[PDB]
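Now for the letters of each chain:
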Amino acid sequence: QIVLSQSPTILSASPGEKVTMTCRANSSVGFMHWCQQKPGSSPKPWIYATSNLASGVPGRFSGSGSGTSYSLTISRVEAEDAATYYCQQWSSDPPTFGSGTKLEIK
Amino acid sequence: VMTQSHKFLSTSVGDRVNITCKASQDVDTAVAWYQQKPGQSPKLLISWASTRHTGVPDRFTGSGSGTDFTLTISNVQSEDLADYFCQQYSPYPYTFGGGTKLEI
Amino acid sequence: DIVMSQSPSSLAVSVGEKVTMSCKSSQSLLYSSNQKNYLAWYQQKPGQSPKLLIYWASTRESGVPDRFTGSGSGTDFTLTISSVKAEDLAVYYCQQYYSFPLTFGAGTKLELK
Amino acid sequence: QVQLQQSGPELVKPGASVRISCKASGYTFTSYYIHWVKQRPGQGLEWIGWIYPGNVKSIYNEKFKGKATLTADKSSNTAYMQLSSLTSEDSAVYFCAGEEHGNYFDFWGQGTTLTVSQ
Amino acid sequence: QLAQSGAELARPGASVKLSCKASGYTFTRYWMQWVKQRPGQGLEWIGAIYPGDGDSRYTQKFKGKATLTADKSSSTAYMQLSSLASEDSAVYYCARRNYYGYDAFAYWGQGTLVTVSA
Amino acid sequence: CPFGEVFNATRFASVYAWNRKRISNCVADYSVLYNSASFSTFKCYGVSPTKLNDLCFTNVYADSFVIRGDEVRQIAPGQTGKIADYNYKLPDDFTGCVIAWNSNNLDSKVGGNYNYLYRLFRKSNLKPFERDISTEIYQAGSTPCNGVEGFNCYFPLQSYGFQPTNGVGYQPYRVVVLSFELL
Amino acid sequence: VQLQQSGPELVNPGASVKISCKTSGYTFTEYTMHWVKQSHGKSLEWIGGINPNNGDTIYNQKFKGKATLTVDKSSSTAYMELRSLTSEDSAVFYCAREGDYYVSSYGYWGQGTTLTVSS
Ligand SMILES: *[C@@H]1O[C@H](CO)[C@@H](O[C@@H]2O[C@H](CO)[C@@H](O)[C@H](O)[C@H]2NC(C)=O)[C@H](O)[C@H]1NC(C)=O
Ligand SMILES: *[C@@H]1O[C@H](CO)[C@@H](O)[C@H](O)[C@H]1NC(C)=O
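Residue numbers count from 1 along every chain, following the sequence as written rather than necessarily the entry numbering; any residue without coordinates is not displayed. Chains and ligands are labelled sequentially in the order written, the chains with letters from A and the ligands with numbers from 1. Working from all heavy atoms in the structure, the side-chain values ignore hydrogens and water.

Per the deposition metadata, cryo-EM was the technique used to determine this entry, at a resolution of 3.81 Å.

Colleague: Explain the packing of aromatic side chains here, please?
Modeller: When we look at a pair of aromatic rings, we describe it by the centre distance and by the angle of the planes. Classification of ring pairs uses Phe, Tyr and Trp, with its six-membered ring standing for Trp, and accepts pairs whose centres are within 6.5 Å; under 30 degrees between planes counts as stacked, over 60 as edge-to-face, and the remaining range as tilted. In total, this model carries 70 aromatic pairs over all chains according to the counting rule given. For the pair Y38 of chain C and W56 of chain C, a centre-to-centre distance of 5.5 Å together with 90° between the ring planes defines the contact as edge-to-face. Remark: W56 of chain C occurs in the loop between β6 (51-52) and β7 (69-73) and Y38 of chain C occurs in the loop between β4 (36-37) and β5 (39-44); sequence separation between them is 18 residues. Ring centres of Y118 of chain F and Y160 of chain F lie 4.6 Å apart, and the angle between their planes is 20°; this geometry places the pair in the stacked category. Here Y160 of chain F lies in the loop between β5 (157-159) and β6 (173-181) and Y118 of chain F lies in strand β4 (residues 117-119), a separation of 42 residues in the sequence. When sorted by exposure, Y118 of chain F lands in the same class as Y160 of chain F, which is buried. Segments assigned H or I by DSSP are reported as helices when at least four residues long, segments assigned E as strands when at least two residues long, and all are numbered from the N terminus. To sort residues, take the accessible area from a 1.4 Å probe on protein chains only and compare it with the maximum for the residue type: under 20% means buried, over 50% means exposed, and anything in between is partly exposed.

Colleague: Looking at this structure, I do not really get the site of ligand 1. What am I missing?
Modeller: Residue and element names in this part refer to chain F. Summary of the distance rule: residues count as near a molecule or strand when at least one heavy atom falls within 4 Å of that molecule or strand. In the neighbourhood of ligand 1, the contacting residues comprise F3, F7, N8 and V32. Interatomic distance of 2.3 Å between a side-chain N/O atom of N8 and an oxygen atom of ligand 1. Only the protein chains shown count as cover for residues, with accessible areas throughout obtained via the Shrake-Rupley method and a probe of 1.4 Å. Contact with the protein chains removes 26% of the 560 Å² of surface that ligand 1 exposes when unbound. Its residues assigned to classes, the shell around ligand 1 shows three nonpolar, one polar and no charged. Here a polar contact is taken to be a pair of N or O atoms separated by no more than 3.5 Å, where protein atoms must pair a possible hydrogen donor with a possible acceptor and residues adjacent in sequence count only if both atoms sit in side chains. Following the grouping adopted for this structure description, the nonpolar residues are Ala, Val, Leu, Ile, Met, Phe, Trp, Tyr, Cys and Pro, the charged ones are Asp, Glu, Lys and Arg, and the polar ones are all others, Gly among them.

Colleague: What is the right way to look at the interface of chain G and chain C in this model?
Modeller: Interface size is often expressed as the accessible area that is lost when the parts come together. Residue contacts are counted whenever heavy atoms from the two residues lie within 4.5 Å of one another. Listed per partner, the contact involves 15 residues of chain G and 16 residues of chain C. Overall, the association of chain G and chain C removes approximately 1600 Å² of surface from exposure, summing both partners, and the carbon and sulfur fraction of that is 61%. Here the quantity called buried area is the accessible surface, traced with a 1.4 Å probe, that two parts lose on coming together, added over both. When residues of chain G are sorted by the area they lose upon contact with chain C, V103, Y106 and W109 of chain G head the list and together hold 33% of the total. Definition used for salt bridges: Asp or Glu carboxyl oxygen within 4 Å of a side-chain nitrogen of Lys or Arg. The interface formed by chain G and chain C includes zero salt bridges. There are two residue pairs in polar contact connecting chain G and chain C. Residue classes in the side of chain G that touches chain C are distributed as nine nonpolar, five polar and one charged.

Colleague: For this particular structure, what's the right way to read the state of the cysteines?
Modeller: As used here, a disulfide is simply a covalent bond connecting the sulfur atoms of two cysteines. Residue and element names in this part refer to chain D. Two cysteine sulfur atoms form a disulfide, by the criterion used here, when they sit within 2.5 Å. In the structure shown here, the tally under the stated rule is six disulfides over all chains. Each disulfide pairs two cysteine sulfurs, and for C22 the partner residue is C96, the sulfurs being separated by 2.0 Å. Of this pair, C22 sits in strand β3 (residues 18-23) while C96 sits in strand β9 (residues 92-99), and the two are 74 residues apart along the sequence. Note on accessibility: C22 and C96 belong to one class, buried.

Colleague: When you look at the sheet that holds strand β8 (residues 84-87) of chain A in this model, what are you seeing that I'm missing?
Modeller: Hydrogen bonding along the main chain pairs the strands of a sheet, whether they run parallel or antiparallel. Residue and element names in this part refer to chain A. With respect to topology, five strands assemble into an open sheet ordered β2-β9-β8-β4-β5, the strand pairing being mixed. Only two strands of the sheet have a single neighbouring strand rather than two, namely β2 (10-12) and β5 (44-47). Taking each pair of neighbouring strands and ignoring which way they run, the sheet shows an average axis angle of 30°. Strand pairing requires that DSSP identify at least two bridges connecting the strands. In this sheet, β8 lies alongside strand β4 (residues 34-37) in antiparallel orientation, the contact comprising four bridges. By the bridge assignment, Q36 is partnered in β8 with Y85. Convention adopted: a line fitted to C-alpha atoms gives each axis, helices being fitted over their contacting stretch, and angles between N-to-C directions are expressed from 0 to 180 degrees.

Colleague: Mind showing me how you'd approach the sheet that holds strand β8 (residues 83-84) of chain B here?
Modeller: Taken in spatial order, the four strands of this open sheet run β5-β4-β3-β8 (chain B), and their pairing is antiparallel. The open sheet has two edge strands, β5 (51-52) and β8 of chain B, and neither has a second partner.

Colleague: Would you mind showing me how to read the arrangement of the chains here?
Modeller: Between chains A and D lies the most contact-rich interface of the nine pairs of chains that touch. Between chain A and chain E there is no contact; the minimum C-alpha to C-alpha separation amounts to 28 Å. With no contact formed, the shortest span from any C-alpha in chain B to any C-alpha in chain G equals 26 Å.

Colleague: Help me understand the site of ligand 2, please; the structure alone is not making it clear to me.
Modeller: Residue and element names in this part refer to chain A. The environment of ligand 2 is made up of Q1, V3, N26 and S27. In the model, an oxygen atom of ligand 2 is placed 2.6 Å from a nitrogen or oxygen of the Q1 side chain. Measuring from an oxygen atom of ligand 2, one finds a side-chain N or O atom of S27 at 3.4 Å. Burial of ligand 2 by the surrounding chains reaches 43%, relative to a free accessible area of 360 Å². Partitioned by chemical class, the residues of the shell around ligand 2 number one nonpolar, three polar and no charged.

Below is the structure:
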């Protein structure tokens, strides 16, 4: 049993801002992958172990952390990041997704 | 197995030129790069595409990994005008890439 | 199945004559990688337990002195002994051992008088 | 290219069994895992289970043990999901997932959905 | 640290015993590796030997044709062509890897013109 | 300082296709080694294990794999076994340093990992440092077969099984060998 | 190496019989075994084989269900189990080894276990 938690479940972000969204987890876990799901379509692989960017992603996205809490920082928010960000977890237990963050522009 | 980009390659003196080898299957960073002056025998210049060899200037920077390897010769002098090679080291046979001749 | 047969069914040969033995396979038992045939020959008297004396393909085995020789490839194969001795009076089988139904037939020794 | 193309959207009566196809292509089918993901509408994703198609050995979630059974036919490069005893609450969208490196889904699949009809 | 070789002009039916004299290292533990080079069409790998033991390796287009041997006492390695033709008129090198096993061809010998038209 | 992509890498390869990375033109720190002590085995031959940043070599070749815990002793000069005679054999005059630590929270999954293959049967023993990636059929029996994988026709890469609910004898150890050379 | 069978058996029709192939002189788990059936002077068929390392069996299509091959590893003794004998299984049985290297599917044969059907 490993269960995650993404505490900022809805985030507002004006363009040209630095927004950091976090992933809190039960106990310990290793590296923490990420994923992005556009509303109404198949999701896309976004971030590898903590900080590699899946070879098809603009370089604004950068995440880091260690221990139990892992977080993702977008450098400059644009119009294209109107999607939900999920997370897997690389550990011995099977991959249980978190809740998510919805990132809306105001 | 390998393949190459340009069979012939034209540059001026100060220009920067990239030579690319695209491998068909996966080679986990084990290619190497040879130059061959038209008289003598080809010598080793870049191996494990990031790493350079001894006796080689810092001008030659090969880079890339995965299955796309690239050699960026920075400031091609009047000396470094010869063809260039590729390789693979993991599967048998160690089949070479084609030549790619550099010229003015 | 892979079926083989001896076209010489009877020898009828006395002491000291040139003999041949032949078997014809149904399909080719040439392993294309190592370029080896896979046949074998072995002798037995009508009383005792047989014993193998030919290796991978028409080769020899350390044992009885190899006066006999075999040869061939593909489908048609040979086994020849130059002179009949006292230890040559025995029935010889042609065995296929390439494809896994290992079937083999008989080729019978007889004597002339 | 590497792409896991799925079937069409399916609608069945409650109580029936559902077979989901997952045509893998482009990569070596007998080395990468195949996972399965459930997305209820308006909600987050949930894990179902995986089936390593070389040596078939399935693992299921604790809340998905009697409804979902997975088979992986090796020589066709297609995995399968036998969803059984279907009720109205299991009306959602189902993708595939492939992975090698531990839990990181390399190639997801386009959305095929499964719903009940009345 | 350097290889040394010979030269040859031969007949289209004959057989050639080339050479690669090795010097300066332990010939028992490294692999000797032979490549060929036609004028144009890039390089090509032929085969290799382990002069400590005699465990030769080959390529399927070049197995049976070149019968590589080695001799521990004289500190050299021999390749033996067979059924030469107009396509085999090329240049034949020998190369030792840098660190034995799985590495790069760091030491190359001078070319042996083998011209076997007629 | 190129000792930062060798140890803390994402996924090591198998034992049969043991990956190599070349290290050159930078004196390493050797600070995580023999001063962090989170590793299990530091059986380090030749050179002293405490004097590494003072000394300098010609070539620094590193390679890595993942083995079961009962096979961590096989990465050794000449100690025969199952992986040291078909997968990865050190030579008898190897100098360098052998590193090993536990990996169960990264490489194990509930239901087997099934992706850390190891080579079972080969026609002869291995040479020092010779690696083979081919998956050719061993054909232990009399007959040859055309890769059909039948009676006495094996797939030579047996697959490890890795679960977190095991002992210490069955747990993948991330083992990295350091090979150095003087001239 | 020398490879010994058991004595001659006289078996009632439709019975389970165990033929013992006791051997020594070599490590038993290294080479295979085989069993053939010489039907009173014409060695036409083969029953099957069994690898001592893995216990894997493979039988001819002529003898399916009526032939079973089971060999334990510790005693270095082979065993063949014939179930439901009929009037067609009146023959002698040899047990075989596989060469000195993996060169020939037969070699170092045994004596002849003469199994007739005693009605
Ligand atoms: C691999 O990553 C670990 C992560 O913990 C590194 O551990 C370092 O530990 C010391 C302990 O005092 C810390 O001061 C460092 O900040 C940690 N570094 C990092 C990257 O977090 C370990 O050194 C790394 N090893 C390498 C670089 O191979
Ligand atoms: C949190 O993880 C621990 C194991 O470290 C587990 O025992 C516990 O049940 C988990 N929490 C939940 C999901 O209740």
